[PDB]
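Q: My questions will all concern the structure given below.
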Amino acid sequence: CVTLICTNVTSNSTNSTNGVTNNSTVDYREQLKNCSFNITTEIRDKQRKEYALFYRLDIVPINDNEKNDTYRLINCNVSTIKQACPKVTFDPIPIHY
Amino acid sequence: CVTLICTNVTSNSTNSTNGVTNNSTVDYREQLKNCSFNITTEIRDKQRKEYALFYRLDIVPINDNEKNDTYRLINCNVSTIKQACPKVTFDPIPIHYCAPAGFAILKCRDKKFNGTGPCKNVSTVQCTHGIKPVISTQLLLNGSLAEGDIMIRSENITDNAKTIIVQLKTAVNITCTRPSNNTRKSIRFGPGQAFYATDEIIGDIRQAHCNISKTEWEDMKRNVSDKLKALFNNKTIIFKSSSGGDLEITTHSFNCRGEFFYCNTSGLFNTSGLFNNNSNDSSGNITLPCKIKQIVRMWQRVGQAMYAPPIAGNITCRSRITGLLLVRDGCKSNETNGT
Amino acid sequence: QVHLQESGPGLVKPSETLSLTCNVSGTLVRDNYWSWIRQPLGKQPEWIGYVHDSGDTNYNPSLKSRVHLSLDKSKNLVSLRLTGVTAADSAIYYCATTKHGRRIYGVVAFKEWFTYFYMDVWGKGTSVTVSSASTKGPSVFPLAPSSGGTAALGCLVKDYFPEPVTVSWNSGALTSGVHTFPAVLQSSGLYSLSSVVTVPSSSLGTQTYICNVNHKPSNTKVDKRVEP
Amino acid sequence: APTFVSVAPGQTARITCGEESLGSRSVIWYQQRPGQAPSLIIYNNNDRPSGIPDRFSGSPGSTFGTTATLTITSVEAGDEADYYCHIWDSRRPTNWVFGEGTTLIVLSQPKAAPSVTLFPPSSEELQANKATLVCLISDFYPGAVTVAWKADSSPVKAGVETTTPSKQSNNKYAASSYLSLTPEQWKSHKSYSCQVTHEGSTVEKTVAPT
Ligand SMILES: *[C@@H]1O[C@H](CO)[C@@H](O[C@@H]2O[C@H](CO)[C@@H](O[C@@H]3O[C@H](CO[C@H]4O[C@H](CO[C@H]5O[C@H](CO)[C@@H](O)[C@H](O)[C@@H]5O[C@H]5O[C@H](CO)[C@@H](O)[C@H](O)[C@@H]5O)[C@@H](O)[C@H](O[C@H]5O[C@H](CO)[C@@H](O)[C@H](O)[C@@H]5O[C@H]5O[C@H](CO)[C@@H](O)[C@H](O)[C@@H]5O)[C@@H]4O)[C@@H](O)[C@H](O[C@H]4O[C@H](CO)[C@@H](O)[C@H](O)[C@@H]4O[C@H]4O[C@H](CO)[C@@H](O)[C@H](O)[C@@H]4O[C@H]4O[C@H](CO)[C@@H](O)[C@H](O)[C@@H]4O)[C@@H]3O)[C@H](O)[C@H]2NC(C)=O)[C@H](O)[C@H]1NC(C)=O
Ligand SMILES: *[C@@H]1O[C@H](CO)[C@@H](O[C@@H]2O[C@H](CO)[C@@H](O[C@@H]3O[C@H](CO[C@H]4O[C@H](CO[C@H]5O[C@H](CO)[C@@H](O)[C@H](O)[C@@H]5O)[C@@H](O)[C@H](O[C@H]5O[C@H](CO)[C@@H](O)[C@H](O)[C@@H]5O[C@H]5O[C@H](CO)[C@@H](O)[C@H](O)[C@@H]5O)[C@@H]4O)[C@@H](O)[C@H](O[C@H]4O[C@H](CO)[C@@H](O)[C@H](O)[C@@H]4O[C@H]4O[C@H](CO)[C@@H](O)[C@H](O)[C@@H]4O[C@H]4O[C@H](CO)[C@@H](O)[C@H](O)[C@@H]4O)[C@@H]3O)[C@H](O)[C@H]2NC(C)=O)[C@H](O)[C@H]1NC(C)=O
Ligand SMILES: *[C@@H]1O[C@H](CO)[C@@H](O[C@@H]2O[C@H](CO)[C@@H](O[C@@H]3O[C@H](CO[C@H]4O[C@H](CO[C@H]5O[C@H](CO)[C@@H](O)[C@H](O)[C@@H]5O[C@H]5O[C@H](CO)[C@@H](O)[C@H](O)[C@@H]5O)[C@@H](O)[C@H](O[C@H]5O[C@H](CO)[C@@H](O)[C@H](O)[C@@H]5O[C@H]5O[C@H](CO)[C@@H](O)[C@H](O)[C@@H]5O)[C@@H]4O)[C@@H](O)[C@H](O[C@H]4O[C@H](CO)[C@@H](O)[C@H](O)[C@@H]4O[C@H]4O[C@H](CO)[C@@H](O)[C@H](O)[C@@H]4O)[C@@H]3O)[C@H](O)[C@H]2NC(C)=O)[C@H](O)[C@H]1NC(C)=O
Ligand SMILES: *[C@@H]1O[C@H](CO)[C@@H](O[C@@H]2O[C@H](CO)[C@@H](O[C@@H]3O[C@H](CO[C@H]4O[C@H](CO[C@H]5O[C@H](CO)[C@@H](O)[C@H](O)[C@@H]5O[C@H]5O[C@H](CO)[C@@H](O)[C@H](O)[C@@H]5O)[C@@H](O)[C@H](O[C@H]5O[C@H](CO)[C@@H](O)[C@H](O)[C@@H]5O)[C@@H]4O)[C@@H](O)[C@H](O[C@H]4O[C@H](CO)[C@@H](O)[C@H](O)[C@@H]4O[C@H]4O[C@H](CO)[C@@H](O)[C@H](O)[C@@H]4O)[C@@H]3O)[C@H](O)[C@H]2NC(C)=O)[C@H](O)[C@H]1NC(C)=O
Ligand SMILES: *[C@@H]1O[C@H](CO)[C@@H](O[C@@H]2O[C@H](CO)[C@@H](O[C@@H]3O[C@H](CO[C@H]4O[C@H](CO)[C@@H](O)[C@H](O[C@H]5O[C@H](CO)[C@@H](O)[C@H](O)[C@@H]5O[C@H]5O[C@H](CO)[C@@H](O)[C@H](O)[C@@H]5O)[C@@H]4O)[C@@H](O)[C@H](O[C@H]4O[C@H](CO)[C@@H](O)[C@H](O)[C@@H]4O)[C@@H]3O)[C@H](O)[C@H]2NC(C)=O)[C@H](O)[C@H]1NC(C)=O
Ligand SMILES: *[C@@H]1O[C@H](CO)[C@@H](O[C@@H]2O[C@H](CO)[C@@H](O[C@@H]3O[C@H](CO)[C@@H](O)[C@H](O)[C@@H]3O)[C@H](O)[C@H]2NC(C)=O)[C@H](O)[C@H]1NC(C)=O
Ligand SMILES: *[C@@H]1O[C@H](CO)[C@@H](O)[C@H](O)[C@H]1NC(C)=O
Ligand SMILES: *[C@@H]1O[C@H](CO)[C@@H](O)[C@H](O)[C@H]1NC(C)=O
Ligand SMILES: *[C@@H]1O[C@H](CO)[C@@H](O)[C@H](O)[C@H]1NC(C)=O
């Protein structure tokens, strides 16, 4: 739950007719981002810059003036968040009541 | 638990005689502050400046050189602190203590019971009748009155180190209140974690207080006195305030609608033992100055410190005084006619 | 019919203490709380301070240092003294019986109340000017009414300082038609005013149509007869 | 600051003073007229002294975050005045000056033409080789009137110290203009004239040396 400076990942070759128009917008397009951030290292007093790829849905823009392309995870807004342990599995097993 | 730059809230028109003196100081004056602070926003990397109104009791000065008027909450000094959930309520509900099967509770039905020894009139029950868990000091509130007449009980009265527990026969209404229309504000610090703070004082700066009937209090003071005088060899008994301790002990403590009170019981114990009545004059209410505090730790060490979120708008609750907790000063004195 | 009025100098120069007096009647001076109020030109009234016997007094913080109020018993009148005056202090002053009270909103025991002050009867008003320029005796002249049968006559007051100049007409017997116009400022550094009276053509007399002019600051009493 | 409100004769006017209340206040209202000192109208928000009618209503001290509104029902002509008020609040230190008063007016004057009066230099003043004309104009509404002298059709450039209008007892206003000359200027020109202009409507009077 810190600042994220995100950017889309790779360029494309979208062209063809028509041309006179400029900006497009579509709600149905699954797309990733390339978010960057500083996180604490082994010691509280220091921290380092990491990058991760986040689904646009999972992030939300924040209006900062000191920087551009700034986002945050949707939850820092509302609730705490934990990561599913690697060992555990949510495989639907038949259970008998 | 960060730095607070606090300032008193509104100016006043205090004047008149005399004038030559300069600085005044009084321990009994319930007053709020206007504390300011920086707290973290939704993201760890940023934070914002908020202001809240805190009871002077709940804050404590810290000597910083880089700034002035600096305070901190009393607990950052000692223990962690949580805020009472909005949904939950510490309303004293009558709960019944019940024994397991094969066990049974026995209820003494003697109307003039002493606490110890035989009971001529007993009855078995599986469950205790409704008992409200009231937490108060000096005065026992909302309890059970004595059937026969007012009662004094102690493991041994002679051992001055053991509390006298008085049980009234007829209850004495006490109506306490925080009269100011305090607006409250929610202050969020992420993810959605938020704490309610008092925002503003709509209207006059009013002071918290309690009310007992002077005629109706002085009466039980007498009635209790008469029962006490019977136990200590017809010695004329006299009452006075607490000799020391934590505020909660040297005051009458309780909560109305959730806010925790600390009312000065000095007035209740001046004495006024000789009854003349003064042509039924000089007898209306007897008002006690009350102090109010939010960060609060009961049971001393066991349990954490609690922050009581403010109830918006003025509040007032009426309890019935059903008993008292007293303690005798004991040393050698004038044998005749001392007391 | 309890009434009162004040008496001042009219003009004071800077770095001088302005003394004033509010002569009273109708009731006693002990039996009242007393105030002082000043109101400049086209501005709101400023409360100066208030006073009572038995050593009680309170001033406006703006001039709590400069003002020194007083009180005479036998004479039945009040006093004032304002040191180090400037053009800021120049305003028309007043004095009034300050009727007080108490506003209670909570527990009296805890001093949850405040005391307030109103003033039910006012004086006339002493005009006080503060300038380093000297006084001036108003030059007075007659205005010829000659060209229904009606023709107004009057008196012209000019070259004086400071304002105001009081003006009556023949022992103040006639009041009708008396339009005493407000004075005019001149780059001369002085003022001028003109009082006029409307009178029918049928008025030979011989009536002594005199204007009773008075300019106290210069200590001058001029009297002029109006003729065709 | 804004201090005006227009109300027809017979309707009700509500005038406001001071900042919004914090605590219980004891608002005192005064009324001043030209010349006269300010007079008391209401004390303790809605209590009034001897001589003031019931039409004069006032905001209760009981309200918070509220401006003090003096309400005068069925507005009378002779009630057009300055209303400086004095607020006593529980939560603010004692105020030592009064508040800004919403000046009161009425729609229908109905109308009023000026009383133009023009006088020549007195025989006495001319002996001190000095001269001053006097254009006494008054009883007009609204209190605004342009003034223009003429030497002989030819406009007069300088020597015309005039006044801005001033309120009287009657709601009408009064002003005055003074043209200063010298005998040889005065007696040279055949005539002199004062032209008062009121609501795009010029009136003038004329005077001349013998
Ligand atoms: C001893 O004893 C005594 C006796 O017993 C005691 O006293 C007591 O106490 C109690 C407790 O405290 C109390 O009660 C309480 O009360 C209160 C008040 O009441 C009233 O009111 C209501 C309403 O409310 C509202 O209002 C108010 C004022 O008035 C305020 O203050 C509040 O706050 C609210 O507010 C709201 O609204 C507003 C608008 O107006 C807004 O602004 C805001 O914002 C909000 O929204 C009402 O309802 C009521 O009514 C009642 O009464 C009447 C008469 O009088 C009636 O007619 C009615 O009907 C009713 O009644 C019923 O019931 C009864 C019984 O009771 C019966 O009898 C009848 O018949 C009927 O049926 C009044 O008027 C109130 O408020 C409260 O409530 C609460 O609480 C409870 C518990 O307690 C619960 O249940 C509920 O639900 C609620 O809850 C809440 O709160 C809590 C705390 O407080 C919490 O916990 C929860 O969760 C919730 O919370 C929420 O909310 C809050 C607010 O409220 C917040 O803060 C949070 O955050 C969340 O959000 C109660 O009821 C009583 O009164 C008393 N009494 C006397 C006599 O005083 C004492 O205490 C003792 N002592 C010792 C020491 O112990
Ligand atoms: C715990 O125990 C403690 C201690 O026991 C207790 O503390 C007490 O709390 C109460 C309440 O919080 C508190 O009461 C306050 O008292 C104020 C002062 O009242 C006294 O003075 C007045 C004035 O009388 C003077 O002038 C008279 C005429 O010359 C003269 O004869 C007098 O001698 C005196 O010099 C007086 O009227 C009062 O007496 C009345 O009340 C008695 C109560 O028993 C009653 O027996 C009397 O007979 C008498 O009744 C008449 O008057 C009332 C009004 O007071 C009328 O309603 C009746 O019809 C009778 O005619 C007292 O001697 C009081 O003014 C406070 O209330 C005002 O202030 C608040 C705060 O702003 C307002 O919200 C109120 O609305 C009210 O405001 C009105 O008045 C002010 C002017 O004062 C105006 O500016 C307001 O706008 C409003 O009036 C105008 O507006 C309304 C519309 O809004 C309009 O309709 C009106 O027409 C008017 O134009 C307040 O009540 C007390 O001080 C305090 N301490 C003590 C020791 O008691 C706690 O409460 C207890 N705890 C709990 C939880 O209960
Ligand atoms: C020591 O400390 C002690 C504690 O610390 C102090 O104790 C205090 O003492 C005070 C008196 O000394 C006590 O004050 C008493 O309060 C009651 C309150 O009743 C009112 O509220 C009811 C509910 O609240 C509504 O009203 C409030 C206020 O307006 C609003 O804020 C609420 O929002 C709510 O609003 C509703 O109602 C209004 C209309 O009122 C609507 O517009 C809204 O839309 C809402 O619907 C309410 O139920 C009452 O309504 C009844 O009365 C109205 C007139 O007031 C009437 O118009 C209504 O129709 C209604 O009457 C009908 O309904 C009732 C229902 O029960 C029927 O019984 C009734 O017959 C009708 O059918 C009311 O609005 C107040 O009534 C008391 O007034 C009595 O006492 C005073 C004392 O001075 C007398 O002077 C009065 O005359 C009056 O006497 C009544 O009774 C007589 C018979 O005995 C009768 O003959 C009279 O004609 C009269 O009716 C008190 O003022 C205070 O409660 C108490 N506090 C505590 C905690 O104990 C102690 O003072 C202190 N002492 C010292 C010395 O220091
Ligand atoms: C702390 O502070 C508290 C707050 O101030 C304070 O609480 C209050 O205490 C008082 C007690 O002092 C409470 O009780 C009041 O008592 C009055 C007197 O009661 C007498 O009358 C009773 C009923 O009599 C019926 O039968 C008679 C037989 O002839 C008739 O003549 C009567 O007319 C009446 O008629 C019946 O039948 C009618 C048939 O047609 C029917 O309509 C009618 O409704 C009724 O049913 C008697 O029972 C009683 O006597 C009993 O006790 C004695 C011994 O003590 C025995 O010898 C008797 O045999 C009997 O057992 C009394 O003689 C009441 O007048 C008063 O009336 C209120 O309640 C009635 C309903 O009972 C309502 O109709 C009425 O409007 C009154 O208002 C109530 O309702 C409103 C609206 O809901 C409410 O706002 C208001 O608060 C009140 O509740 C009332 O009962 C009082 O209720 C307490 N108030 C509160 C808020 O708690 C407390 O005492 C303080 N304590 C201390 C220690 O300081
Ligand atoms: C501190 O301690 C003091 C005392 O040390 C306390 O003060 C006392 O408190 C009591 C409380 O009850 C007060 O009692 C009141 O008594 C009056 C008088 O009663 C007469 O009138 C009623 C009618 O109104 C009659 O019915 C009575 O007749 C009988 O029954 C009543 C029932 O109450 C009983 O009190 C009488 O004693 C009497 O019983 C005796 O006589 C009959 C024969 O007539 C006989 O058969 C019986 O066996 C007895 O011998 C009597 O004529 C009473 O009115 C009061 O209220 C009662 O009536 C009302 C209705 O009117 C009811 O609503 C109420 O519930 C009661 O039933 C009281 O009972 C006593 O006066 C008081 N004394 C003083 C000096 O204060 C203080 O209270 C204590 N203070 C504190 C803070 O604790
Ligand atoms: C929590 O904070 C409080 C206040 O900062 C600490 O207790 C306070 O300690 C001071 C002394 O540092 C006490 O003041 C005076 O101490 C001298 C002893 O030199 C004593 O003689 C005086 O009579 C006076 O008490 C002060 O009373 C005391 N309490 C308060 C409420 O201020 C406390 O140490 C902190 N908690 C911990 C665990 O350290
Ligand atoms: C970069 O790509 C992401 C993909 O979802 C998109 O949301 C974002 O708007 C793009 N950047 C700009 C500037 O449009
Ligand atoms: C400001 O008011 C608070 C109210 O409790 C008080 O504690 C504090 O000392 C006051 N400030 C100063 C400088 O005294
Ligand atoms: C007792 O204290 C109360 C405080 O409210 C006071 O009103 C009363 O006069 C006191 N009585 C005596 C005898 O000290």
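Ligands are numbered from 1 in the order shown, chains are lettered A, B, ... in the order of the structure tokens, and residues start at 1 in each chain.
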For ligand 8, collect every residue having any atom at a distance of at most 8 Å from a ligand atom (counting only C-alpha atoms and all ligand atoms); output as a VMD selection string.
A: chain B and resid 7 to 9 29 to 33 55 to 56 69
Q: With only C-alpha atoms as the counted atoms, please give the residues lying no more than 10 Å from residue 70 in chain A, apart from itself and same-chain residues fewer than 2 positions off, as number ranges by chain.
A: A: 3-7, 35-36, 59-68, 72
Q: Hey, which of B:189, B:262, B:254, B:299 ends up closest to ligand 1? Count only C-alpha atoms and all ligand atoms.
A: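 Looking only at the distances to ligand 1, the closest residue turns out to be B:254.
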Q: As a list in words, could you give me every residue of chain B near chain A (at most 7 Å apart, counting only C-alpha atoms)?
A: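 Within 7 Å of chain A on chain B, we get residues 42, 43, 44, 45, 190, 191 and 192 of chain B.
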Q: Around ligand 7, which protein and nucleic acid residues have at least one atom no more than 9 Å from it, if we count only C-alpha atoms and all ligand atoms? List them as a list in words.
A: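 After applying the 9 Å limit, what remains is residues 6, 7, 8, 9, 10, 29, 30, 31, 32, 33, 34, 55, 56, 57 and 69 of chain A.
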Q: Separation of CA of residue 97 in chain B and CA of residue 126 in chain B, in Å?
A: 8.6 Å
Q: Go through the chains and note each residue within 7 Å of ligand 9, using only C-alpha atoms and all ligand atoms, then give the set as a list in words.
A: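 Here is the list of contacting residues: residues 266, 267, 268, 270, 271, 272, 286, 287 and 288 of chain B.
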Q: Show which residues sit within 12 Å of residue 162 in chain B, as a PyMOL selection string. Count only C-alpha atoms, and ignore same-chain residues fewer than 3 positions away.
A: chain B and resi 153-159+165+325-330
Q: At a cut-off of 9 Å and counting only C-alpha atoms and all ligand atoms, what residues surround ligand 1? Please answer as number ranges by chain.
A: B: 84-93, 132-136, 140-143, 175-176, 196, 253-258, 309-321
Q: What's the separation between CA of residue 190 in chain D and CA of residue 157 in chain D, in Å to one decimal place?
A: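 Rounded to one decimal, the two atoms are 17.7 Å apart.
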Q: What residues of the protein or nucleic acid chains come within 6 Å of ligand 3 when you use only C-alpha atoms and all ligand atoms? Reply as a ChimeraX atom specification.
A: /B:175,211,284-285
Q: Go ahead and save the residues from that selection, with C-alpha atoms, as a tab-separated table (two decimals), in the first residue's frame.
A:
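Listing of result.tsv after writing:
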```
chain	number	residue	atom	x	y	z
B	175	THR	CA	-28.84	12.46	37.06
B	211	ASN	CA	-27.33	16.04	40.18
B	284	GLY	CA	-32.58	22.13	45.72
B	285	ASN	CA	-30.06	20.11	43.74
```
Q: Need to verify the contact set: range 22-34 of chain D, 6 Å, only C-alpha atoms, exclusion of same-chain residues closer than 2 positions in sequence. Can you return it as a list in words?
A: residues 203 and 204 of chain B; 36, 37, 38, 39, 40, 41, 42, 43, 44, 45, 61, 62, 64, 65, 81, 82, 83, 84, 85, 86, 87, 88, 89, 90 and 91 of chain D
Q: Restricting it to N, CA, C and O atoms, dump the selection as a CSV table (one decimal), in the first residue's frame.
A:
```csv
chain,number,residue,atom,x,y,z
B,203,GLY,N,-22.6,25.6,20.0
B,203,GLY,CA,-23.3,26.3,21.1
B,203,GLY,C,-22.3,26.6,22.2
B,203,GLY,O,-21.1,26.6,22.0
B,204,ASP,N,-22.8,26.9,23.4
B,204,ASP,CA,-22.0,27.3,24.6
B,204,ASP,C,-21.1,26.2,25.0
B,204,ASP,O,-21.4,25.0,24.9
D,36,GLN,N,-28.7,63.3,15.2
D,36,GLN,CA,-29.0,62.7,16.5
D,36,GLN,C,-28.0,61.5,16.8
D,36,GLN,O,-27.4,61.0,15.9
D,37,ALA,N,-27.9,61.2,18.1
D,37,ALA,CA,-27.1,60.1,18.5
D,37,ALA,C,-27.8,58.8,18.3
D,37,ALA,O,-29.1,58.9,18.2
D,38,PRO,N,-27.1,57.7,18.3
D,38,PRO,CA,-27.9,56.4,18.2
D,38,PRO,C,-28.8,56.1,19.4
D,38,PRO,O,-28.4,56.4,20.5
D,39,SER,N,-30.0,55.6,19.1
D,39,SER,CA,-31.0,55.4,20.2
D,39,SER,C,-31.2,53.9,20.3
D,39,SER,O,-31.0,53.1,19.4
D,40,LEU,N,-31.5,53.4,21.5
D,40,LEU,CA,-31.8,52.0,21.8
D,40,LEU,C,-33.1,51.6,21.3
D,40,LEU,O,-34.1,52.3,21.4
D,41,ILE,N,-33.2,50.4,20.6
D,41,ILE,CA,-34.4,49.9,20.1
D,41,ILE,C,-34.7,48.5,20.8
D,41,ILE,O,-35.9,48.3,21.3
D,42,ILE,N,-33.7,47.7,20.9
D,42,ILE,CA,-33.9,46.4,21.5
D,42,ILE,C,-32.7,45.9,22.3
D,42,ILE,O,-31.6,46.3,21.9
D,43,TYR,N,-33.0,45.3,23.4
D,43,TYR,CA,-31.9,44.7,24.2
D,43,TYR,C,-32.2,43.3,24.6
D,43,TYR,O,-33.4,42.9,24.5
D,44,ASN,N,-31.2,42.5,24.9
D,44,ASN,CA,-31.4,41.1,25.2
D,44,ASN,C,-32.2,40.4,24.1
D,44,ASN,O,-33.2,39.6,24.3
D,45,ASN,N,-31.7,40.6,22.8
D,45,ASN,CA,-32.3,40.1,21.6
D,45,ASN,C,-33.7,40.6,21.2
D,45,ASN,O,-33.9,40.9,20.1
D,61,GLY,N,-31.4,34.7,21.1
D,61,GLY,CA,-30.0,34.4,21.4
D,61,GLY,C,-29.7,32.9,21.4
D,61,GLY,O,-28.5,32.5,21.4
D,62,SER,N,-30.8,32.1,21.4
D,62,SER,CA,-30.7,30.7,21.6
D,62,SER,C,-30.1,29.9,20.4
D,62,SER,O,-29.6,28.8,20.5
D,64,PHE,N,-27.5,29.0,17.1
D,64,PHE,CA,-26.0,28.9,16.9
D,64,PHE,C,-25.7,28.7,15.4
D,64,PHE,O,-26.3,27.9,14.7
D,65,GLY,N,-24.6,29.4,15.0
D,65,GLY,CA,-24.3,29.5,13.6
D,65,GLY,C,-25.4,30.2,12.8
D,65,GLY,O,-25.8,29.7,11.8
D,81,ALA,N,-33.3,54.4,8.5
D,81,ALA,CA,-32.2,54.9,9.4
D,81,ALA,C,-31.0,53.9,9.4
D,81,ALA,O,-31.1,52.8,8.8
D,82,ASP,N,-29.9,54.3,10.0
D,82,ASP,CA,-28.8,53.4,10.3
D,82,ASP,C,-29.0,52.6,11.5
D,82,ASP,O,-29.4,53.1,12.5
D,83,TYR,N,-28.7,51.3,11.4
D,83,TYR,CA,-29.0,50.3,12.5
D,83,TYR,C,-27.7,49.6,12.9
D,83,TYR,O,-27.6,48.4,12.7
D,84,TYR,N,-26.8,50.3,13.6
D,84,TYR,CA,-25.6,49.7,14.2
D,84,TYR,C,-26.0,48.8,15.4
D,84,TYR,O,-26.6,49.3,16.3
D,85,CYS,N,-25.5,47.6,15.4
D,85,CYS,CA,-25.9,46.7,16.5
D,85,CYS,C,-24.6,46.3,17.4
D,85,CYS,O,-23.5,46.3,16.9
D,86,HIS,N,-24.9,45.8,18.6
D,86,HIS,CA,-23.8,45.5,19.5
D,86,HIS,C,-24.0,44.1,20.1
D,86,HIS,O,-24.9,43.8,20.9
D,87,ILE,N,-23.2,43.1,19.6
D,87,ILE,CA,-23.3,41.7,20.0
D,87,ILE,C,-22.6,41.3,21.2
D,87,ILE,O,-21.4,41.6,21.4
D,88,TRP,N,-23.2,40.6,22.1
D,88,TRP,CA,-22.6,40.0,23.3
D,88,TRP,C,-22.7,38.5,23.2
D,88,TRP,O,-23.7,37.9,23.6
D,89,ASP,N,-21.6,37.8,22.8
D,89,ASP,CA,-21.6,36.4,22.7
D,89,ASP,C,-20.9,35.7,23.8
D,89,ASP,O,-20.1,36.2,24.5
D,90,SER,N,-21.3,34.4,24.0
D,90,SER,CA,-20.8,33.6,25.1
D,90,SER,C,-19.4,33.1,24.8
D,90,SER,O,-18.5,32.9,25.7
D,91,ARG,N,-19.1,32.9,23.5
D,91,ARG,CA,-17.9,32.3,23.0
D,91,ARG,C,-16.9,33.2,22.3
D,91,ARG,O,-15.9,32.7,21.7
```
